[PDB]
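S.K.: One structure, pasted below without further comment.
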Amino acid sequence: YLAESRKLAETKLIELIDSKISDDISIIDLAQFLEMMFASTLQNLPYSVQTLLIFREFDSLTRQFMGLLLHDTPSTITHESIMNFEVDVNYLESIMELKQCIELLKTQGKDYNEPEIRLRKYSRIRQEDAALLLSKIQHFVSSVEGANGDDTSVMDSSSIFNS
């Protein structure tokens, strides 16, 4: 029964601290929230299963930050904003498979191969991060400072190659 409470303990703390910090430098502050919660406090005990919660929570924060960058990206992508996603997701690649969401999207993705290679060549995350790279996020990266175009090479192959 104590094992059941330990499993449910790591479970409810996993979803708790997971969705707690679920809501650049703010993700680096979330990586500093990954410092204070995981890499300082939880690192003391778990060089184990926080190593599993490097997958079960933190690559589930690359799955969760994946789908956060893959739901529908309104205006958080540009030549600086998605370059700040390199300060978020390629900074999540600072440690070994989390180079996903800043790949093939960080440079104001609004091209045919930026959308279609945001689907087929922005991998290690889910492939919903093309419509949230060049369909919402190139009418929205085109709506962002450092615009690159609301193309149908962007929006059509981003809403088509992904979906």
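Going through the structure tokens in order, the chains are called A, B, and so on, while each chain numbers its residues from 1 and the ligands are numbered from 1 in the order shown.
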Tell me which protein, DNA and RNA residues are within 12 Å of residue 30 (chain A), counting only C-alpha atoms, leaving out same-chain ones fewer than 5 positions away, and put them as a PyMOL selection string.

M.R.: chain A and resi 17-25+35-39+58+61+65+87-89+91-92

S.K.: I need the residues from that last selection saved to file as a PDB file, in the first residue's frame (with N, CA, C and O atoms), if you can.

M.R.:
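Listed below is the output, again_3.pdb:
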ATOM      1  N   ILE A  17       3.157  19.470 -10.621  1.00  0.00           N
ATOM      2  CA  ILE A  17       4.234  20.353 -11.037  1.00  0.00           C
ATOM      3  C   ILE A  17       4.311  20.457 -12.548  1.00  0.00           C
ATOM      4  O   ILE A  17       4.869  21.429 -13.070  1.00  0.00           O
ATOM      5  N   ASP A  18       3.776  19.464 -13.262  1.00  0.00           N
ATOM      6  CA  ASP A  18       3.712  19.519 -14.717  1.00  0.00           C
ATOM      7  C   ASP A  18       2.807  20.653 -15.183  1.00  0.00           C
ATOM      8  O   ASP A  18       3.255  21.594 -15.848  1.00  0.00           O
ATOM      9  N   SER A  19       1.528  20.588 -14.822  1.00  0.00           N
ATOM     10  CA  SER A  19       0.578  21.604 -15.250  1.00  0.00           C
ATOM     11  C   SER A  19       0.739  22.919 -14.506  1.00  0.00           C
ATOM     12  O   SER A  19       0.175  23.928 -14.945  1.00  0.00           O
ATOM     13  N   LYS A  20       1.476  22.923 -13.390  1.00  0.00           N
ATOM     14  CA  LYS A  20       1.705  24.155 -12.643  1.00  0.00           C
ATOM     15  C   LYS A  20       2.514  25.157 -13.455  1.00  0.00           C
ATOM     16  O   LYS A  20       2.126  26.323 -13.577  1.00  0.00           O
ATOM     17  N   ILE A  21       3.622  24.716 -14.045  1.00  0.00           N
ATOM     18  CA  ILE A  21       4.490  25.612 -14.796  1.00  0.00           C
ATOM     19  C   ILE A  21       4.208  25.447 -16.281  1.00  0.00           C
ATOM     20  O   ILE A  21       5.060  25.750 -17.123  1.00  0.00           O
ATOM     21  N   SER A  22       3.010  24.959 -16.611  1.00  0.00           N
ATOM     22  CA  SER A  22       2.661  24.754 -18.012  1.00  0.00           C
ATOM     23  C   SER A  22       2.397  26.076 -18.720  1.00  0.00           C
ATOM     24  O   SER A  22       2.635  26.198 -19.926  1.00  0.00           O
ATOM     25  N   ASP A  23       1.909  27.075 -17.991  1.00  0.00           N
ATOM     26  CA  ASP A  23       1.604  28.371 -18.586  1.00  0.00           C
ATOM     27  C   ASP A  23       2.875  29.157 -18.886  1.00  0.00           C
ATOM     28  O   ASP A  23       2.928  29.922 -19.848  1.00  0.00           O
ATOM     29  N   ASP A  24      12.554  31.777 -25.179  1.00  0.00           N
ATOM     30  CA  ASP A  24      12.760  33.100 -24.607  1.00  0.00           C
ATOM     31  C   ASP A  24      13.304  32.982 -23.191  1.00  0.00           C
ATOM     32  O   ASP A  24      13.958  31.997 -22.849  1.00  0.00           O
ATOM     33  N   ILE A  25      13.026  33.991 -22.368  1.00  0.00           N
ATOM     34  CA  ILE A  25      13.453  33.995 -20.972  1.00  0.00           C
ATOM     35  C   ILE A  25      12.387  33.462 -20.032  1.00  0.00           C
ATOM     36  O   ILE A  25      12.736  32.972 -18.945  1.00  0.00           O
ATOM     37  N   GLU A  35      14.756  24.205 -12.880  1.00  0.00           N
ATOM     38  CA  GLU A  35      15.880  24.150 -11.959  1.00  0.00           C
ATOM     39  C   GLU A  35      15.388  23.992 -10.529  1.00  0.00           C
ATOM     40  O   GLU A  35      15.698  23.001  -9.866  1.00  0.00           O
ATOM     41  N   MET A  36      14.578  24.949 -10.062  1.00  0.00           N
ATOM     42  CA  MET A  36      14.197  25.023  -8.653  1.00  0.00           C
ATOM     43  C   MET A  36      13.355  23.828  -8.224  1.00  0.00           C
ATOM     44  O   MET A  36      13.581  23.252  -7.156  1.00  0.00           O
ATOM     45  N   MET A  37      12.385  23.436  -9.049  1.00  0.00           N
ATOM     46  CA  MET A  37      11.592  22.259  -8.723  1.00  0.00           C
ATOM     47  C   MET A  37      12.371  20.979  -9.003  1.00  0.00           C
ATOM     48  O   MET A  37      12.647  20.195  -8.090  1.00  0.00           O
ATOM     49  N   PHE A  38      12.748  20.756 -10.260  1.00  0.00           N
ATOM     50  CA  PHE A  38      13.365  19.483 -10.614  1.00  0.00           C
ATOM     51  C   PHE A  38      14.866  19.480 -10.339  1.00  0.00           C
ATOM     52  O   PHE A  38      15.351  18.698  -9.515  1.00  0.00           O
ATOM     53  N   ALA A  39      15.617  20.358 -11.003  1.00  0.00           N
ATOM     54  CA  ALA A  39      17.070  20.220 -11.022  1.00  0.00           C
ATOM     55  C   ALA A  39      17.758  20.727  -9.759  1.00  0.00           C
ATOM     56  O   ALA A  39      18.982  20.602  -9.657  1.00  0.00           O
ATOM     57  N   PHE A  58       9.597  16.154 -18.154  1.00  0.00           N
ATOM     58  CA  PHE A  58      10.302  17.209 -18.874  1.00  0.00           C
ATOM     59  C   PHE A  58      10.336  16.997 -20.380  1.00  0.00           C
ATOM     60  O   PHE A  58      10.346  17.981 -21.127  1.00  0.00           O
ATOM     61  N   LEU A  61       7.222  17.720 -20.890  1.00  0.00           N
ATOM     62  CA  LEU A  61       7.223  19.152 -21.143  1.00  0.00           C
ATOM     63  C   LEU A  61       7.866  19.496 -22.476  1.00  0.00           C
ATOM     64  O   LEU A  61       7.850  20.663 -22.869  1.00  0.00           O
ATOM     65  N   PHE A  65       5.270  21.097 -24.041  1.00  0.00           N
ATOM     66  CA  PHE A  65       5.743  22.275 -24.758  1.00  0.00           C
ATOM     67  C   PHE A  65       5.704  22.057 -26.259  1.00  0.00           C
ATOM     68  O   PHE A  65       5.690  23.031 -27.022  1.00  0.00           O
ATOM     69  N   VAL A  87      15.694  30.184 -28.009  1.00  0.00           N
ATOM     70  CA  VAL A  87      15.982  30.400 -26.597  1.00  0.00           C
ATOM     71  C   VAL A  87      14.999  29.670 -25.694  1.00  0.00           C
ATOM     72  O   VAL A  87      15.107  29.774 -24.465  1.00  0.00           O
ATOM     73  N   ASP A  88      14.024  28.959 -26.262  1.00  0.00           N
ATOM     74  CA  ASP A  88      13.124  28.110 -25.493  1.00  0.00           C
ATOM     75  C   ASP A  88      13.323  26.631 -25.801  1.00  0.00           C
ATOM     76  O   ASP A  88      13.613  25.854 -24.887  1.00  0.00           O
ATOM     77  N   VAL A  89      13.208  26.223 -27.062  1.00  0.00           N
ATOM     78  CA  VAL A  89      13.203  24.800 -27.399  1.00  0.00           C
ATOM     79  C   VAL A  89      14.593  24.304 -27.769  1.00  0.00           C
ATOM     80  O   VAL A  89      14.958  23.170 -27.449  1.00  0.00           O
ATOM     81  N   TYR A  91      17.084  25.890 -26.481  1.00  0.00           N
ATOM     82  CA  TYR A  91      17.584  25.934 -25.115  1.00  0.00           C
ATOM     83  C   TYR A  91      17.033  24.799 -24.266  1.00  0.00           C
ATOM     84  O   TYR A  91      17.610  24.496 -23.218  1.00  0.00           O
ATOM     85  N   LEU A  92      15.931  24.170 -24.689  1.00  0.00           N
ATOM     86  CA  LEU A  92      15.537  22.890 -24.116  1.00  0.00           C
ATOM     87  C   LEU A  92      16.361  21.745 -24.681  1.00  0.00           C
ATOM     88  O   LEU A  92      16.378  20.658 -24.097  1.00  0.00           O
TER      89      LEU A  92
END

S.K.: Skipping near chain neighbours, those fewer than 6 positions away, what residues fall within 10 Å of residue 114 (chain A) using only C-alpha atoms, listed as a PyMOL selection string?

M.R.: chain A and resi 104-108+120-122+130+133-134+138+153-154+157-158

S.K.: Ranking A:147, A:74, A:69, A:82 by minimum distance to residue 126 (chain A) and counting only C-alpha atoms, which one comes first?

M.R.: A:69

S.K.: Residues of region 58-134 of chain A in alpha helix (DSSP H) according to DSSP, as a ChimeraX atom specification?

M.R.: /A:60-68,81-86,113-120

S.K.: Please, could you write that set of residues out with N, CA and C atoms as a short mmCIF file (atom, residue, chain, number, x, y, z; two decimals), in the first residue's frame?

M.R.:
data_model
loop_
_atom_site.label_atom_id
_atom_site.label_comp_id
_atom_site.auth_asym_id
_atom_site.auth_seq_id
_atom_site.Cartn_x
_atom_site.Cartn_y
_atom_site.Cartn_z
N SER A 60 7.82 15.13 -21.39
CA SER A 60 6.40 15.46 -21.36
C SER A 60 6.17 16.95 -21.20
N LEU A 61 7.22 17.72 -20.89
CA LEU A 61 7.22 19.15 -21.14
C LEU A 61 7.87 19.50 -22.48
N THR A 62 8.49 18.53 -23.15
CA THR A 62 8.74 18.68 -24.57
C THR A 62 7.60 18.11 -25.40
N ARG A 63 6.82 17.18 -24.83
CA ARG A 63 5.54 16.83 -25.42
C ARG A 63 4.49 17.88 -25.10
N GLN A 64 4.52 18.40 -23.87
CA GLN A 64 3.58 19.44 -23.47
C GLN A 64 3.97 20.78 -24.05
N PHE A 65 5.27 21.10 -24.04
CA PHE A 65 5.74 22.28 -24.76
C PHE A 65 5.70 22.06 -26.26
N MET A 66 5.73 20.79 -26.70
CA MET A 66 5.50 20.50 -28.11
C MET A 66 4.10 20.91 -28.52
N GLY A 67 3.08 20.34 -27.86
CA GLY A 67 1.71 20.68 -28.18
C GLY A 67 1.34 22.12 -27.84
N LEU A 68 2.05 22.71 -26.87
CA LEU A 68 1.92 24.14 -26.62
C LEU A 68 2.40 24.95 -27.82
N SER A 81 10.93 36.20 -32.47
CA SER A 81 10.07 35.48 -31.53
C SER A 81 10.26 33.97 -31.64
N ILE A 82 10.22 33.43 -32.86
CA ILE A 82 10.58 32.03 -33.04
C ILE A 82 12.08 31.83 -32.91
N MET A 83 12.88 32.89 -33.09
CA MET A 83 14.27 32.82 -32.68
C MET A 83 14.40 32.83 -31.16
N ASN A 84 13.41 33.38 -30.45
CA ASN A 84 13.33 33.18 -29.01
C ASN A 84 12.75 31.83 -28.65
N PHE A 85 12.11 31.13 -29.60
CA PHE A 85 11.82 29.72 -29.38
C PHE A 85 13.08 28.87 -29.48
N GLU A 86 14.13 29.37 -30.13
CA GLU A 86 15.45 28.77 -29.99
C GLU A 86 16.06 29.05 -28.63
N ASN A 113 8.86 25.03 -47.91
CA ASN A 113 9.62 24.07 -47.13
C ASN A 113 9.69 24.43 -45.65
N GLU A 114 9.31 25.65 -45.29
CA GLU A 114 9.21 25.99 -43.88
C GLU A 114 7.92 25.39 -43.33
N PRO A 115 6.81 25.45 -44.07
CA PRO A 115 5.59 24.76 -43.64
C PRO A 115 5.65 23.25 -43.82
N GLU A 116 6.06 22.82 -45.02
CA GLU A 116 6.05 21.40 -45.35
C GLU A 116 7.19 20.67 -44.68
N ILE A 117 8.33 21.35 -44.48
CA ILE A 117 9.38 20.81 -43.62
C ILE A 117 9.19 21.21 -42.17
N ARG A 118 8.20 22.05 -41.86
CA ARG A 118 7.76 22.17 -40.48
C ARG A 118 6.90 20.98 -40.10
N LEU A 119 6.28 20.34 -41.09
CA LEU A 119 5.59 19.07 -40.85
C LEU A 119 6.57 17.90 -40.88
N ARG A 120 7.25 17.71 -42.01
CA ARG A 120 8.00 16.48 -42.26
C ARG A 120 9.44 16.52 -41.75
#

S.K.: Enter the distance from CA of residue 8 (chain A) to CA of residue 27 (chain A), in Å, rounded to one decimal.

M.R.: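 It comes out at 27.6 Å.
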
S.K.: Tell me which of A:12, A:6, A:139, A:71 sits closest to residue 111 (chain A), counting only C-alpha atoms.

M.R.: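 Ranking A:12, A:6, A:139, A:71 by distance to residue 111 (chain A), first place goes to A:139.
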
S.K.: Of the candidates A:159, A:127, A:94, A:75, which shows the shortest atom-to-atom distance to residue 142 (chain A), using only C-alpha atoms?

M.R.: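 Residue with the minimum atom-to-atom distance to residue 142 (chain A): A:75.
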
S.K.: I'd like the interatomic distance between CA of residue 110 (chain A) and CA of residue 141 (chain A), to a tenth of an Å.

M.R.: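 So the answer is 7.6 Å.
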
S.K.: Any idea what the distance is between CA of residue 137 (chain A) and CA of residue 77 (chain A)?

M.R.: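 Going from CA of residue 137 (chain A) over to CA of residue 77 (chain A) covers 6.1 Å.
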